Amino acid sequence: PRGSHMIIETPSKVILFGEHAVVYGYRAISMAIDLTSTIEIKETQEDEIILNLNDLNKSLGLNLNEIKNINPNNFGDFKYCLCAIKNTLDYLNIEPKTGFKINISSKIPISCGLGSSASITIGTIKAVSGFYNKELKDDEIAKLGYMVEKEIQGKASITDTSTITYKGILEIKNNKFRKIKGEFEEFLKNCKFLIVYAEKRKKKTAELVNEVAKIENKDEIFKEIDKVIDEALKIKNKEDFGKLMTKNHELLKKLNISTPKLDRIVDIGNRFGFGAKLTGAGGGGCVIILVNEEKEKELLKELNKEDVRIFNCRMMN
């Protein structure tokens, strides 16, 4: 495109199976998807970094001498991007000599388990490295993403940043990942999903994890969820994969991390799609639905009468 600025488009992420089990050493299976963020970076030669959150109509201006020394948690909505910048810069051992402006756009819903921040983070790390014509390998990128999440939050997990970085489908176990290709990835490439922001998650992940911590039956149901993953990996048709998703949902309910709203959306996903389940922690948030082409219009209609936001997406890569 004529005169284009540097622009990075990066994926969103969804956990298909093993949401709360991963915390205990079991497997999780996540996939990168079409809902993306876009980060544009260009020069301004005014000697200062300018951040622009177009979707929020917010802006931030910082001098070049302040970045390496800012504390990201002091800048609210700009913290991940700002942190991605500071971290990329000293990793590349660069001391900015010129200013730049960054514009951020995201189609990714916030706080419903999709990895809205990891995406801004990955796109930012890439934008900043590319802007200095010093592209990094997926190796260091995934690591810088991780370290950004760990700096902003007390701890972190590689899931978001690694799935978004390496894309496709990943098997996550103990903060280590195995990429999934072959026949399963192939199958997924033909699937069509619906991300449904059912309701505002009014509780933090730490809190949800605590509540899950206090279940007598937790470990027994985790095994079940893993038994489900075993089956999923060998899967071949949409009907079974669907039922397996529903099954994972029923199990997640058993950990009472679900809500009436989510469950109601899953029922609709079950009757008019092939299957469905909440995704991520469960203080509400969104549901993933496996679309049944033959009934898609019905699905969309029934969902429309519900107080929710709907997003079309497919595995990315």
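Note that residue numbering follows the sequence shown and begins at 1.
Across the two stretches, 159-167 and 92-100, the PDB entry reports the greater mean Cα temperature factor for 92-100.
The stretch 64-72 shows the higher mean C-alpha B-factor when 50-58 is compared against 64-72 in the entry.
When the C-alpha B-factors of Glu216, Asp77, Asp138, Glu149 are ranked from the entry, the top spot goes to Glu216. Of all the options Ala28, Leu255, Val291, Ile39, the entry's greatest CA B-factor is assigned to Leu255. Compared with the other modelled residues of the chain, the Cα B-factor recorded for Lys200 ranks in the highest third. Among all modelled residues in this chain, the alpha-carbon of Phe241 has a temperature factor (C-alpha) in the lowest third. Sorting the modelled residues of the chain by their CA temperature factor places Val308 in the middle third.
For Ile268, the recorded CA B-factor ranks within the lowest third of the chain. Only modelled residues enter the ranking. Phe131: CA B factor lies in the highest third for its chain, per the PDB record.
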